[PDB]
């Protein structure tokens, strides 16, 4: 007559590592490292990404005639970035401070186009000037959101824009860099011009950079494209005597602090939702670590270079 004290052993084939031994068989264990995605770009806590498809972000905001599609996305949780999107700047030129503009627009909340002035209030000037290089419907046109102003005979003109909101106001405009003095006098009626932005006491004077560039799309002149954000309850006063392509429409917006982001991904947008997103797909992030991708957006398990992390829960499985 005997009685013995013993413990469970089992058919389980999992092994684990410890300080003192390698690959010790156990009756049970738990993976604490997430190692698979879902291969889709998803909305993020139910807020979807911005999908510009064939347009650039700059093209879209300027109001390129080819971007006249996606609906007024009132909000977005991050931006799907396209590296080669055909529809960008129709009139050739430079865009000043794109990277900061992308960071500003990376995740935003209320986003509404707004009119900033009437060109048909203006006197002794021509407005809505047009070019072949930005065509609407076979007919020459221009950016939806900018107004090209000309023919002021070297005389000054003005525009007050206001932001009456408790939220910022995004502005885009351009300076026309003419090909020689001959064209400078033709359009604006002088050899040289100036444009001044007044933000109360602060000021900026833009002058055009005259001279002939390479011919591109039949043009040897260029436009330099600018953006700025105008703060809550705030006014700017612009005076120019030429070369200003003025800001007709802007956008009220609100940025979220832990701000969205920028994703370069081959994958297409999906109906699905997640808390954590990578260029490779989305993650079940209830686990504390992951080895899928270093570049993530959201609430994410930490990235580690392990191939797995088994926590023992059971007992040494020696039958």
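Residue numbers count along the first chain shown, from 1.
> Between 240-248 and 102-110, which has the higher average C-alpha B-factor in the PDB entry?
The recorded data point to 102-110.
> With reference to the PDB entry, specify whether the mean Cα temperature factor is higher for 70-78 or for 159-167.
The recorded data point to 70-78.
> For the CA B factor values reported in this entry, which option in 45, 291, 56, 278 has the top one?
Highest CA B-factor of the listed options: 45.
> Would you mind ranking residue 185 by its C-alpha B-factor against the rest of the chain and naming the third, lowest, middle or highest?
Its C-alpha B-factor belongs to the middle third of this chain's values.
> Ranking the modelled residues of this chain by C-alpha B-factor as given in the entry, is residue 262 in the lowest, middle or highest third?
It belongs to the middle third of the chain when residues are ordered by C-alpha B-factor.
> For residue 62, does the deposited CA B-factor place it in the lowest, middle or highest third of the chain?
CA B-factor rank for residue 62: lowest third.
> Considering every modelled residue of the chain and its Cα B-factor in the PDB entry, is residue 198 in the lowest, middle or highest third?
Its C-alpha B-factor, which the entry lists for residue 198, ranks in the lowest third among residues of this chain.
> State the tercile, meaning the lowest, middle or highest third, of residue 215 with respect to the CA B-factors recorded for its chain.
Answer is middle: the recorded C-alpha B-factor places it there.
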